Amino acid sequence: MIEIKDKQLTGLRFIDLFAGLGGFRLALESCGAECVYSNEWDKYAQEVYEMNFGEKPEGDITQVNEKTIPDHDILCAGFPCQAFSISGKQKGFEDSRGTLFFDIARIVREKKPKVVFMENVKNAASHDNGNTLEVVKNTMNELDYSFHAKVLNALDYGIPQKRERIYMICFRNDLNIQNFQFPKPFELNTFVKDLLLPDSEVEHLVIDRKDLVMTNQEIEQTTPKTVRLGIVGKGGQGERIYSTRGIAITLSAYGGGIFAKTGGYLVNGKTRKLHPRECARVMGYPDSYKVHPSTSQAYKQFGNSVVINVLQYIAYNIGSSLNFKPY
């Protein structure tokens, strides 16, 4: 994550819905904003969250009275995505875990925050002929909010991860925000191998499988993209080996495969999966952030989390627009 000297969100209050690890909090907090409420129902996520913010998020958002949520200026929410991801069954809103956005929709109805910040996977952008994104857009307009939506890839914001996500920035129409803009991409100068841990710390992660089949020669030069080198088994999810010289693939929350949730990488001749801490770095989390004691949960948490840095550049720009109030 990046250091932000000029705090654009000082004095502003924000809610952390579907908090997970607190990625949205890490980001807005770096911009000066203050967290007044967090929500997350996963026992384990609540555990890590506390382990890092000394607070315990509140359970099932679908049973919390909106009127109960603290007043706030910015609603952050990277709601569930299993129901919209390229990787899953795409049952969209029909999916039990897919209606959560309407839970946000009604929080906003009550609290009427100055800004609604949301995040989800790229496929949500076009899911079901783009009708999903459209309901969200109209549902937001009908609450009296503008709807700024764009798909950014982490690799375009200082983080070596091919994580493409759709970010939705909604401003209350009353405030007349017109100069909002999404961060401009900038050259990726960091790669997977720059974030790796020393071999001695990742030995236990090394995987040696007879079905290891290297299909591509390691790359000498760093690149702003994922470069597959080899594969194990049938090369399915979590069975693909990539170049540390390139960028990492998308961390997943439920992903399987021998390299479950992180993907395989080639480090000093050995083939291995990433370490939870490496995921953290891959997600833009500061090493000072405490990962969950359970590697599996830790991986899941980082898997469906967000890249802080990206969240920062957006958050900072959110403040700019918010603060630009000439006479």
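From 1 onward, residues are counted along the sequence shown.
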| task | Read off the CA B-factors in the entry, average them over 289-297 and over 49-57, and name the higher stretch. | result | 49-57
| field | Higher-scoring stretch by recorded Cα B factor average, 221-229 or 150-158 | value | 221-229
| field | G235, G88, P198, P80, ranked by C-alpha B-factor: the highest one | value | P198
| request: Just say lowest, middle or highest third for the CA B-factor of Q178 relative to the other modelled residues in its chain. | output: highest
| said: Please say which third, lowest, middle or highest, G284 falls into when its CA temperature factor is compared across its chain. | reply: lowest
| message | How does the C-alpha B factor of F101 compare with the rest of the chain: lowest, middle or highest third? | response | middle
| Which third of the chain holds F191 when residues are ordered by C-alpha B factor: lowest, middle or highest? | middle
| note | Assert third(CA B-factor, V64) within chain per record equals highest
